[PDB]
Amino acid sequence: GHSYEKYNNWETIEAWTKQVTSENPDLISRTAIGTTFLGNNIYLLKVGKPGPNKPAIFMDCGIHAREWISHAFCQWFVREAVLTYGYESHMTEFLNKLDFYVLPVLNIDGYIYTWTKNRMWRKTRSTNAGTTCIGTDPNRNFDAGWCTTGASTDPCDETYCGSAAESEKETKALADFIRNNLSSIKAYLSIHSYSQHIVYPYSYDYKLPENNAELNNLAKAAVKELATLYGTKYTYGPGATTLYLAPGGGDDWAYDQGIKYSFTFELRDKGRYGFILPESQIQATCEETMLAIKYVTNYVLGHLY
């Protein structure tokens, strides 16, 4: 009983990844990039019409377990791509020229835990030495100025860096895929919630990126496109300046690998509902974010490297 306008559990999402690929074989192809701590398969969807020497964009959802709207957006991106292809001028051009590597749920173990035991869970579900405290923050487990100021050495903390960089199977499976497809990946997008922010490097240290002027102007125009629908106000700028010091992030790591277009999207809202955003707000949040994602996609095509 799947629905794009409702929050679906992992059993429903897994059944959807198989069915959406079978219903649309010419547009979507499904593969398993790895396994989680509990043993669940990390599924990845390649969206677009196949072809040779195609550039790609990587998009992940659900790094943090409680951010339910992030998981819901990845499903809506696939929904639009199969319904508007051949009917919408821009989406048709995007899928024909580019490939979309969509990872619907990264932290699967944590997401099952939010449906069964604790709704407010953030980290993974891995064991730690010398304590009964469980979990490691995946957005603090990447090899980009790992476990410095902003990340915690305490396993009982929500911002736990881990025993080592890429100590989690979920963090390694994501990083290995990017390394194996570095020459093709031109953009990295990380869907999260909440605050209504568009974050670009750097977060591990107080420093501006090489193409800071370009990333500032691109985020500015992407903010405007989202606002045209429901008037949703979004803020932008680099991580350490706008937010806080968050070392060992997926967006910061991707940038240091060569992906000059790296972004972190924080969805609805500002604090009224927070992580527990209602089902009645899914279609509104997904449609506005689509306009911002489509604008970033359009820019990347015109500035291929």
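Sequential numbering from 1, following the sequence displayed.
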* Structure fact -> For 218-226 versus 160-168, entry-based mean Cα B-factors point to 218-226
* **62-70 versus 240-248 - which carries the larger mean C-alpha B factor in the record** => 240-248
* Report the option among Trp76, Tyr200, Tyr234, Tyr113 whose CA atom has the maximum B-factor in the deposited record. => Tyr234
* Check the PDB entry and point out which of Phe265, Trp253, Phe37, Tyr273 has the largest C-alpha temperature factor. => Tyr273
* Entry-reported Cα temperature factor of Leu44, expressed as the chain third it lands in -> middle
* Rank-wise, by C-alpha B-factor, drop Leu189 into the lowest, middle or highest third of its chain. => lowest
* Asked: So where's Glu11 on the chain's Cα temperature factor ranking, which third?
  -> middle
* Where does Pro138 sit by CA temperature factor within its chain: lowest, middle or highest third? -> lowest
* Asked: With respect to C-alpha B-factor, does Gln281 fall in the lowest, middle or highest third of the chain as deposited?
  -> middle
